[PDB]
$ cat coords-v3.tsv   # TSV, N, CA and C atoms
chain	number	residue	atom	x	y	z
A	1	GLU	N	0.83	-1.19	0.00
A	1	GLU	CA	0.00	0.00	0.00
A	1	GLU	C	0.87	1.26	0.00
A	2	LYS	N	0.21	2.40	-0.10
A	2	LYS	CA	0.91	3.67	-0.11
A	2	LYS	C	-0.02	4.76	-0.65
A	3	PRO	N	-0.56	5.57	0.29
A	3	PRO	CA	-1.46	6.65	-0.08
A	3	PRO	C	-0.70	7.82	-0.70
A	4	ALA	N	-0.17	8.67	0.17
A	4	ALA	CA	0.58	9.83	-0.28
A	4	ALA	C	1.47	10.33	0.86
A	5	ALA	N	2.08	11.48	0.63
A	5	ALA	CA	2.96	12.08	1.63
A	5	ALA	C	2.19	13.14	2.41
A	6	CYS	N	1.26	13.79	1.71
A	6	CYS	CA	0.45	14.83	2.32
A	6	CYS	C	-0.54	14.17	3.28
A	7	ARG	N	-0.75	12.88	3.06
A	7	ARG	CA	-1.67	12.12	3.89
A	7	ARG	C	-0.98	11.70	5.19
A	8	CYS	N	0.33	11.88	5.22
A	8	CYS	CA	1.11	11.53	6.39
A	8	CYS	C	1.74	12.80	6.95
A	9	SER	N	2.71	13.32	6.21
A	9	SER	CA	3.39	14.54	6.62
A	9	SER	C	2.38	15.62	6.97
A	10	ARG	N	1.50	15.90	6.01
A	10	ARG	CA	0.48	16.92	6.21
A	10	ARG	C	-0.78	16.29	6.82
A	11	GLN	N	-0.56	15.54	7.89
A	11	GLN	CA	-1.66	14.88	8.57
A	11	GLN	C	-2.40	15.88	9.48
A	12	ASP	N	-2.10	15.78	10.76
A	12	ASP	CA	-2.73	16.67	11.74
A	12	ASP	C	-1.77	16.86	12.92
A	13	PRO	N	-1.83	18.09	13.51
A	13	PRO	CA	-0.99	18.42	14.64
A	13	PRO	C	-1.49	17.75	15.92
A	14	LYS	N	-1.19	16.46	16.03
A	14	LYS	CA	-1.61	15.70	17.19
A	14	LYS	C	-2.97	15.06	16.92
A	15	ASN	N	-2.95	13.75	16.73
A	15	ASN	CA	-4.17	13.01	16.46
A	15	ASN	C	-4.43	12.02	17.60
A	16	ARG	N	-3.46	11.93	18.49
A	16	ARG	CA	-3.57	11.03	19.63
A	16	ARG	C	-4.09	9.66	19.17
A	17	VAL	N	-3.89	9.38	17.90
A	17	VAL	CA	-4.33	8.12	17.33
A	17	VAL	C	-3.20	7.51	16.50
A	18	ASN	N	-3.19	6.19	16.45
A	18	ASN	CA	-2.17	5.47	15.70
A	18	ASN	C	-2.84	4.44	14.79
A	19	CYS	N	-2.08	3.98	13.81
A	19	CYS	CA	-2.58	2.99	12.87
A	19	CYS	C	-1.49	1.96	12.62
A	20	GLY	N	-0.60	1.83	13.60
A	20	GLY	CA	0.50	0.88	13.50
A	20	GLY	C	0.84	0.30	14.87
A	21	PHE	N	2.14	0.16	15.11
A	21	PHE	CA	2.61	-0.38	16.37
A	21	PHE	C	3.90	0.30	16.82
A	22	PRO	N	4.21	0.16	18.13
A	22	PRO	CA	5.41	0.76	18.69
A	22	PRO	C	6.65	-0.03	18.29
A	23	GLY	N	7.47	0.60	17.47
A	23	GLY	CA	8.70	-0.02	17.00
A	23	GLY	C	8.68	-0.19	15.48
A	24	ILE	N	7.62	0.32	14.87
A	24	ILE	CA	7.47	0.24	13.43
A	24	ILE	C	8.67	0.91	12.75
A	25	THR	N	8.69	0.82	11.43
A	25	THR	CA	9.77	1.41	10.66
A	25	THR	C	9.22	2.48	9.70
A	26	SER	N	8.26	2.06	8.89
A	26	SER	CA	7.65	2.96	7.93
A	26	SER	C	6.98	2.16	6.81
A	27	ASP	N	7.81	1.62	5.93
A	27	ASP	CA	7.31	0.83	4.82
A	27	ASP	C	6.18	-0.08	5.30
A	28	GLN	N	6.49	-0.88	6.31
A	28	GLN	CA	5.52	-1.79	6.88
A	28	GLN	C	4.27	-1.02	7.33
A	29	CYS	N	4.48	0.24	7.65
A	29	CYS	CA	3.39	1.09	8.09
A	29	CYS	C	2.68	1.66	6.86
A	30	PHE	N	3.47	1.86	5.81
A	30	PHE	CA	2.93	2.39	4.57
A	30	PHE	C	2.36	1.27	3.69
A	31	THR	N	2.62	0.04	4.12
A	31	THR	CA	2.14	-1.12	3.39
A	31	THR	C	0.87	-1.67	4.04
A	32	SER	N	0.58	-1.16	5.22
A	32	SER	CA	-0.60	-1.59	5.95
A	32	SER	C	-1.76	-0.63	5.69
A	33	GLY	N	-1.58	0.22	4.69
A	33	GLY	CA	-2.60	1.19	4.33
A	33	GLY	C	-2.61	2.36	5.31
A	34	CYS	N	-1.61	2.37	6.18
A	34	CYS	CA	-1.50	3.42	7.17
A	34	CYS	C	-0.31	4.31	6.80
A	35	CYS	N	-0.30	5.51	7.35
A	35	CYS	CA	0.77	6.46	7.09
A	35	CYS	C	1.73	6.45	8.27
A	36	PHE	N	2.88	7.07	8.07
A	36	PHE	CA	3.89	7.13	9.11
A	36	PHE	C	4.73	8.41	8.98
A	37	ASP	N	4.80	9.14	10.08
A	37	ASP	CA	5.56	10.38	10.11
A	37	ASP	C	6.63	10.29	11.19
A	38	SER	N	6.18	10.32	12.44
A	38	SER	CA	7.08	10.25	13.57
A	38	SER	C	7.63	11.64	13.90
A	39	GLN	N	7.75	12.46	12.86
A	39	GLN	CA	8.25	13.81	13.02
A	39	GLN	C	7.88	14.35	14.40
A	40	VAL	N	6.68	13.99	14.84
A	40	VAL	CA	6.20	14.43	16.14
A	40	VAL	C	6.53	13.37	17.19
A	41	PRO	N	7.52	13.72	18.06
A	41	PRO	CA	7.94	12.81	19.12
A	41	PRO	C	6.91	12.76	20.25
A	42	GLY	N	6.64	11.55	20.70
A	42	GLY	CA	5.68	11.35	21.78
A	42	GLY	C	4.33	10.90	21.22
A	43	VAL	N	3.83	11.68	20.27
A	43	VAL	CA	2.55	11.37	19.65
A	43	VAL	C	2.69	10.12	18.79
A	44	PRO	N	1.55	9.73	18.15
A	44	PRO	CA	1.54	8.56	17.29
A	44	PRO	C	2.23	8.85	15.96
A	45	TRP	N	3.31	8.12	15.72
A	45	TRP	CA	4.07	8.29	14.49
A	45	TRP	C	3.27	7.65	13.36
A	46	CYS	N	2.84	6.42	13.60
A	46	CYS	CA	2.07	5.69	12.61
A	46	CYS	C	0.59	6.00	12.82
A	47	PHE	N	-0.02	6.59	11.80
A	47	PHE	CA	-1.42	6.94	11.86
A	47	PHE	C	-2.12	6.66	10.53
A	48	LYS	N	-3.31	7.22	10.39
A	48	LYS	CA	-4.09	7.04	9.18
A	48	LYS	C	-3.88	8.24	8.26
A	49	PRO	N	-4.28	8.06	6.97
A	49	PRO	CA	-4.14	9.12	5.98
A	49	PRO	C	-5.20	10.20	6.19
A	50	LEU	N	-5.29	11.10	5.22
A	50	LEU	CA	-6.25	12.18	5.28
A	50	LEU	C	-6.88	12.38	3.90
A	51	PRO	N	-7.53	11.29	3.40
A	51	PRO	CA	-8.17	11.33	2.10
A	51	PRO	C	-9.48	12.12	2.16
A	52	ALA	N	-9.89	12.62	1.00
A	52	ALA	CA	-11.11	13.39	0.91
A	52	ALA	C	-11.42	13.67	-0.57
A	53	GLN	N	-11.18	12.66	-1.39
A	53	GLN	CA	-11.43	12.79	-2.82
A	53	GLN	C	-10.80	11.61	-3.57
A	54	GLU	N	-11.36	11.33	-4.74
A	54	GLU	CA	-10.87	10.24	-5.56
A	54	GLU	C	-9.60	10.66	-6.29
A	55	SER	N	-9.17	11.88	-6.01
A	55	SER	CA	-7.96	12.41	-6.63
A	55	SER	C	-7.05	13.03	-5.56
A	56	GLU	N	-5.80	12.61	-5.59
A	56	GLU	CA	-4.82	13.11	-4.64
A	56	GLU	C	-4.47	14.56	-4.95
A	57	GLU	N	-5.50	15.39	-5.00
A	57	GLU	CA	-5.31	16.80	-5.29
A	57	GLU	C	-5.94	17.66	-4.20
A	58	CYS	N	-7.01	17.14	-3.63
A	58	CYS	CA	-7.72	17.84	-2.57
A	58	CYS	C	-7.02	17.53	-1.24
A	59	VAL	N	-7.31	16.35	-0.71
A	59	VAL	CA	-6.72	15.93	0.55
A	59	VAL	C	-6.88	17.04	1.58
A	60	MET	N	-7.62	16.73	2.63
A	60	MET	CA	-7.86	17.70	3.69
A	60	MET	C	-9.05	17.28	4.56
A	61	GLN	N	-8.94	17.58	5.85
A	61	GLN	CA	-10.00	17.24	6.78
A	61	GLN	C	-11.04	18.36	6.84
A	62	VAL	N	-12.14	18.07	7.52
A	62	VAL	CA	-13.21	19.04	7.65
A	62	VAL	C	-12.70	20.27	8.42
A	63	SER	N	-11.98	21.12	7.70
A	63	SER	CA	-11.43	22.32	8.30
A	63	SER	C	-10.30	22.87	7.42
A	64	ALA	N	-9.67	21.96	6.69
A	64	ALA	CA	-8.58	22.34	5.81
A	64	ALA	C	-9.15	22.77	4.45
A	65	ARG	N	-10.45	22.55	4.29
A	65	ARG	CA	-11.12	22.91	3.06
A	65	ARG	C	-11.43	24.41	3.03
A	66	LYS	N	-10.89	25.11	4.01
A	66	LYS	CA	-11.10	26.54	4.12
A	66	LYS	C	-12.52	26.88	3.66
A	67	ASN	N	-12.62	27.31	2.42
A	67	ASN	CA	-13.91	27.67	1.85
A	67	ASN	C	-13.70	28.56	0.63
A	68	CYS	N	-13.43	27.91	-0.50
A	68	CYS	CA	-13.20	28.63	-1.74
A	68	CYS	C	-14.56	29.07	-2.29
A	69	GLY	N	-15.19	28.16	-3.02
A	69	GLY	CA	-16.49	28.44	-3.60
A	69	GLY	C	-17.54	28.68	-2.52
A	70	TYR	N	-18.79	28.43	-2.89
A	70	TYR	CA	-19.89	28.62	-1.96
A	70	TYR	C	-20.69	27.32	-1.79
A	71	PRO	N	-21.42	27.25	-0.65
A	71	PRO	CA	-22.23	26.08	-0.35
A	71	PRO	C	-23.49	26.05	-1.21
A	72	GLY	N	-23.55	26.98	-2.15
A	72	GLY	CA	-24.69	27.07	-3.04
A	72	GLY	C	-24.31	26.66	-4.47
A	73	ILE	N	-23.01	26.58	-4.70
A	73	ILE	CA	-22.50	26.21	-6.01
A	73	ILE	C	-22.68	24.71	-6.21
A	74	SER	N	-22.57	24.29	-7.47
A	74	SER	CA	-22.72	22.89	-7.81
A	74	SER	C	-21.41	22.34	-8.37
A	75	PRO	N	-21.45	21.05	-8.79
A	75	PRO	CA	-20.28	20.41	-9.35
A	75	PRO	C	-20.00	20.90	-10.77
A	76	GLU	N	-18.88	20.45	-11.31
A	76	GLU	CA	-18.49	20.83	-12.65
A	76	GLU	C	-18.24	22.34	-12.72
A	77	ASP	N	-19.28	23.09	-12.39
A	77	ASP	CA	-19.19	24.54	-12.41
A	77	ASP	C	-18.15	25.00	-11.37
A	78	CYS	N	-18.10	24.27	-10.27
A	78	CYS	CA	-17.17	24.59	-9.21
A	78	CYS	C	-15.75	24.45	-9.76
A	79	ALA	N	-15.36	23.21	-10.00
A	79	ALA	CA	-14.03	22.92	-10.52
A	79	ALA	C	-13.82	23.72	-11.82
A	80	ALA	N	-14.92	24.26	-12.33
A	80	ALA	CA	-14.87	25.04	-13.55
A	80	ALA	C	-13.84	26.17	-13.39
A	81	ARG	N	-14.12	27.05	-12.44
A	81	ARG	CA	-13.23	28.17	-12.17
A	81	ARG	C	-13.26	28.53	-10.69
A	82	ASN	N	-13.11	27.51	-9.86
A	82	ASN	CA	-13.12	27.71	-8.42
A	82	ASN	C	-11.97	26.93	-7.79
A	83	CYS	N	-12.33	25.86	-7.10
A	83	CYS	CA	-11.33	25.02	-6.45
A	83	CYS	C	-11.92	23.61	-6.29
A	84	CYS	N	-11.23	22.81	-5.50
A	84	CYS	CA	-11.66	21.44	-5.26
A	84	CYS	C	-13.16	21.47	-4.93
A	85	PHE	N	-13.80	20.33	-5.15
A	85	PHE	CA	-15.22	20.21	-4.89
A	85	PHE	C	-15.56	18.82	-4.34
A	86	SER	N	-15.37	18.67	-3.03
A	86	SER	CA	-15.65	17.41	-2.38
A	86	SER	C	-16.85	17.56	-1.44
A	87	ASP	N	-18.02	17.25	-1.97
A	87	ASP	CA	-19.25	17.35	-1.20
A	87	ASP	C	-19.42	16.08	-0.37
A	88	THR	N	-18.54	15.12	-0.61
A	88	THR	CA	-18.59	13.85	0.10
A	88	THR	C	-19.06	14.07	1.54
A	89	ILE	N	-18.67	15.21	2.09
A	89	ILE	CA	-19.05	15.55	3.45
A	89	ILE	C	-19.90	16.82	3.44
A	90	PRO	N	-21.22	16.63	3.69
A	90	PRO	CA	-22.16	17.74	3.71
A	90	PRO	C	-22.00	18.57	4.99
A	91	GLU	N	-22.18	19.87	4.84
A	91	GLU	CA	-22.06	20.77	5.97
A	91	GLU	C	-20.63	21.32	6.07
A	92	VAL	N	-19.96	21.33	4.93
A	92	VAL	CA	-18.59	21.82	4.88
A	92	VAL	C	-18.34	22.47	3.52
A	93	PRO	N	-17.18	23.17	3.42
A	93	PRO	CA	-16.81	23.84	2.18
A	93	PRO	C	-16.33	22.83	1.14
A	94	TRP	N	-17.23	22.51	0.22
A	94	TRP	CA	-16.90	21.56	-0.84
A	94	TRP	C	-15.88	22.22	-1.77
A	95	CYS	N	-16.17	23.46	-2.12
A	95	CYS	CA	-15.29	24.21	-3.00
A	95	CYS	C	-14.17	24.82	-2.16
A	96	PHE	N	-13.08	24.08	-2.06
A	96	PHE	CA	-11.93	24.53	-1.29
A	96	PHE	C	-10.68	24.60	-2.16
A	97	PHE	N	-9.71	25.38	-1.69
A	97	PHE	CA	-8.46	25.53	-2.41
A	97	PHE	C	-7.68	24.21	-2.46
A	98	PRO	N	-6.88	24.06	-3.55
A	98	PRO	CA	-6.09	22.85	-3.72
A	98	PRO	C	-4.88	22.86	-2.78
A	99	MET	N	-4.47	21.66	-2.39
A	99	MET	CA	-3.33	21.51	-1.50
A	99	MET	C	-2.21	22.48	-1.88
A	100	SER	N	-2.06	22.67	-3.18
A	100	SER	CA	-1.03	23.56	-3.69
A	100	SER	C	0.22	23.47	-2.81
A	101	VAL	N	0.88	22.32	-2.89
A	101	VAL	CA	2.09	22.09	-2.12
A	101	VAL	C	3.00	21.11	-2.86
A	102	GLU	N	2.92	19.86	-2.45
A	102	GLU	CA	3.73	18.82	-3.07
A	102	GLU	C	5.07	18.69	-2.35
A	103	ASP	N	5.23	19.50	-1.32
A	103	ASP	CA	6.46	19.49	-0.54
A	103	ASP	C	6.29	18.55	0.65
A	104	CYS	N	5.39	17.59	0.49
A	104	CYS	CA	5.12	16.62	1.53
A	104	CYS	C	6.18	15.51	1.44
A	105	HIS	N	6.09	14.58	2.38
A	105	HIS	CA	7.03	13.47	2.42
A	105	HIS	C	6.46	12.36	3.31
A	106	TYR	N	7.33	11.40	3.62
A	106	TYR	CA	6.93	10.28	4.46
A	106	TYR	C	7.67	10.32	5.80
$ encode --input "coords-v3.tsv" --output "structure tokens"
Amino acid sequence: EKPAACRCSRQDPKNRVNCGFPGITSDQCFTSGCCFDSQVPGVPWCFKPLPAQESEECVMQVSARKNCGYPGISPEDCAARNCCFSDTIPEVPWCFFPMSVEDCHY
């Protein structure tokens, strides 16, 4: 397995949750469909990803979607000349800015 780097590196500042085991390495953590950072000492190094779209372009939790477009806009038209459009989760900004990074890692 292997999701992405933004799904690990750009995870969350303290999730108090893990998706691996104490003493892991990484690959084995990235092969279990889980992510691994460790960057944060003490907290859970091995955790889960942060998917939010069928395309590794959005990626973001209910809060990282800022709020590009409007909750009144629709699909197609959104991505038309707006930003990401993940309505998968109602009650949030579907039209949000793109990760616009790529400086993520494992």
$ select_by_dssp --input "coords-v3.tsv" --residues "chain A" --states "helix (DSSP H, G or I)" --output "PyMOL selection string"
chain A and resi 27-30+77-81
$ residues_near_point --input "coords-v3.tsv" --point "(-6.4, 20.0, -4.5)" --cutoff "9 Å" --atoms "only C-alpha atoms" --output "list in words"
residues 53, 55, 56, 57, 58, 59, 60, 83, 84, 85, 96, 97, 98, 99 and 100 of chain A
$ closest_residue --input "coords-v3.tsv" --among "A:5, A:69, A:35, A:26" --to "residue 81 in chain A" --atoms "all atoms listed in the file"
A:69
$ atom_distance --input "coords-v3.tsv" --atom1 "atom C of residue 17 in chain A" --atom2 "atom C of residue 46 in chain A"
5.5 Å
$ residues_around --input "coords-v3.tsv" --residues "residue 9 in chain A" --least-positions-apart "3" --cutoff "6.5 Å" --atoms "only N, CA and C atoms" --output "MDAnalysis selection string"
chainID A and resid 4:6 12 36:37 104:106
$ closest_residue --input "coords-v3.tsv" --among "A:92, A:34, A:43, A:50" --to "residue 62 in chain A" --atoms "only C-alpha atoms"
A:92
$ atom_distance --input "coords-v3.tsv" --atom1 "CA of residue 15 in chain A" --atom2 "atom N of residue 48 in chain A"
8.4 Å
$ closest_residue --input "coords-v3.tsv" --among "A:102, A:42, A:27, A:72" --to "residue 1 in chain A" --atoms "all atoms listed in the file"
A:27
$ residues_near_point --input "coords-v3.tsv" --point "(3.1, 1.5, -0.6)" --cutoff "7 Å" --atoms "all atoms listed in the file" --output "PDB file with N, CA and C atoms, in the coordinates of the input"
ATOM      1  N   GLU A   1       0.830  -1.190   0.000  1.00  0.00           N
ATOM      2  CA  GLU A   1       0.000   0.000   0.000  1.00  0.00           C
ATOM      3  C   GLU A   1       0.870   1.260   0.000  1.00  0.00           C
ATOM      4  N   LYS A   2       0.210   2.400  -0.100  1.00  0.00           N
ATOM      5  CA  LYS A   2       0.910   3.670  -0.110  1.00  0.00           C
ATOM      6  C   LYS A   2      -0.020   4.760  -0.650  1.00  0.00           C
ATOM      7  N   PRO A   3      -0.560   5.570   0.290  1.00  0.00           N
ATOM      8  CA  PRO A   3      -1.460   6.650  -0.080  1.00  0.00           C
ATOM      9  C   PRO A   3      -0.700   7.820  -0.700  1.00  0.00           C
ATOM     10  N   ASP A  27       7.810   1.620   5.930  1.00  0.00           N
ATOM     11  CA  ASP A  27       7.310   0.830   4.820  1.00  0.00           C
ATOM     12  C   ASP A  27       6.180  -0.080   5.300  1.00  0.00           C
ATOM     13  N   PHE A  30       3.470   1.860   5.810  1.00  0.00           N
ATOM     14  CA  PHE A  30       2.930   2.390   4.570  1.00  0.00           C
ATOM     15  C   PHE A  30       2.360   1.270   3.690  1.00  0.00           C
ATOM     16  N   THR A  31       2.620   0.040   4.120  1.00  0.00           N
ATOM     17  CA  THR A  31       2.140  -1.120   3.390  1.00  0.00           C
ATOM     18  C   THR A  31       0.870  -1.670   4.040  1.00  0.00           C
ATOM     19  N   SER A  32       0.580  -1.160   5.220  1.00  0.00           N
ATOM     20  CA  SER A  32      -0.600  -1.590   5.950  1.00  0.00           C
ATOM     21  C   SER A  32      -1.760  -0.630   5.690  1.00  0.00           C
TER      22      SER A  32
END
$ atom_distance --input "coords-v3.tsv" --atom1 "atom N of residue 18 in chain A" --atom2 "atom C of residue 65 in chain A"
24.1 Å
$ select_by_dssp --input "coords-v3.tsv" --residues "range 20-105 of chain A" --states "strand (DSSP E)" --output "list in words"
residues 35, 36, 46, 47, 84, 85, 95 and 96 of chain A
$ closest_residue --input "coords-v3.tsv" --among "A:54, A:45, A:71, A:76" --to "residue 94 in chain A" --atoms "all atoms listed in the file"
A:71
$ build_atoms --input "coords-v3.tsv" --residues "range 33-48 of chain A" --atoms "N, CA, C and O atoms" --output "compact mmCIF listing (two decimals), keeping the file's coordinate frame"
# COMPACT_ATOMS: atom_id res chain seq x y z
N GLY A 33 -1.58 0.22 4.69
CA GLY A 33 -2.60 1.19 4.33
C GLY A 33 -2.61 2.36 5.31
O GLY A 33 -3.49 3.21 5.25
N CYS A 34 -1.61 2.37 6.18
CA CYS A 34 -1.50 3.42 7.17
C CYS A 34 -0.31 4.31 6.80
O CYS A 34 0.56 3.90 6.03
N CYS A 35 -0.30 5.51 7.35
CA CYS A 35 0.77 6.46 7.09
C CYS A 35 1.73 6.45 8.27
O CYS A 35 1.42 5.89 9.33
N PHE A 36 2.88 7.07 8.07
CA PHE A 36 3.89 7.13 9.11
C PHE A 36 4.73 8.41 8.98
O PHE A 36 5.27 8.69 7.92
N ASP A 37 4.80 9.14 10.08
CA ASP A 37 5.56 10.38 10.11
C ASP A 37 6.63 10.29 11.19
O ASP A 37 7.83 10.20 10.89
N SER A 38 6.18 10.32 12.44
CA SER A 38 7.08 10.25 13.57
C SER A 38 7.63 11.64 13.90
O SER A 38 7.91 11.94 15.06
N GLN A 39 7.75 12.46 12.86
CA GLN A 39 8.25 13.81 13.02
C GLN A 39 7.88 14.35 14.40
O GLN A 39 8.67 15.06 15.03
N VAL A 40 6.68 13.99 14.84
CA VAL A 40 6.20 14.43 16.14
C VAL A 40 6.53 13.37 17.19
O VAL A 40 5.93 12.30 17.21
N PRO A 41 7.52 13.72 18.06
CA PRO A 41 7.94 12.81 19.12
C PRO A 41 6.91 12.76 20.25
O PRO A 41 6.40 13.80 20.67
N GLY A 42 6.64 11.55 20.70
CA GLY A 42 5.68 11.35 21.78
C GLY A 42 4.33 10.90 21.22
O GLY A 42 3.78 9.89 21.66
N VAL A 43 3.83 11.68 20.27
CA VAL A 43 2.55 11.37 19.65
C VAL A 43 2.69 10.12 18.79
O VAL A 43 3.77 9.54 18.70
N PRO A 44 1.55 9.73 18.15
CA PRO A 44 1.54 8.56 17.29
C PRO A 44 2.23 8.85 15.96
O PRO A 44 1.78 9.69 15.19
N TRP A 45 3.31 8.12 15.72
CA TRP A 45 4.07 8.29 14.49
C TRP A 45 3.27 7.65 13.36
O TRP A 45 3.08 8.26 12.31
N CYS A 46 2.84 6.42 13.60
CA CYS A 46 2.07 5.69 12.61
C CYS A 46 0.59 6.00 12.82
O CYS A 46 0.03 5.72 13.89
N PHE A 47 -0.02 6.59 11.80
CA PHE A 47 -1.42 6.94 11.86
C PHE A 47 -2.12 6.66 10.53
O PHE A 47 -1.58 5.96 9.68
N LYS A 48 -3.31 7.22 10.39
CA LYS A 48 -4.09 7.04 9.18
C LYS A 48 -3.88 8.24 8.26
O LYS A 48 -3.40 9.29 8.69
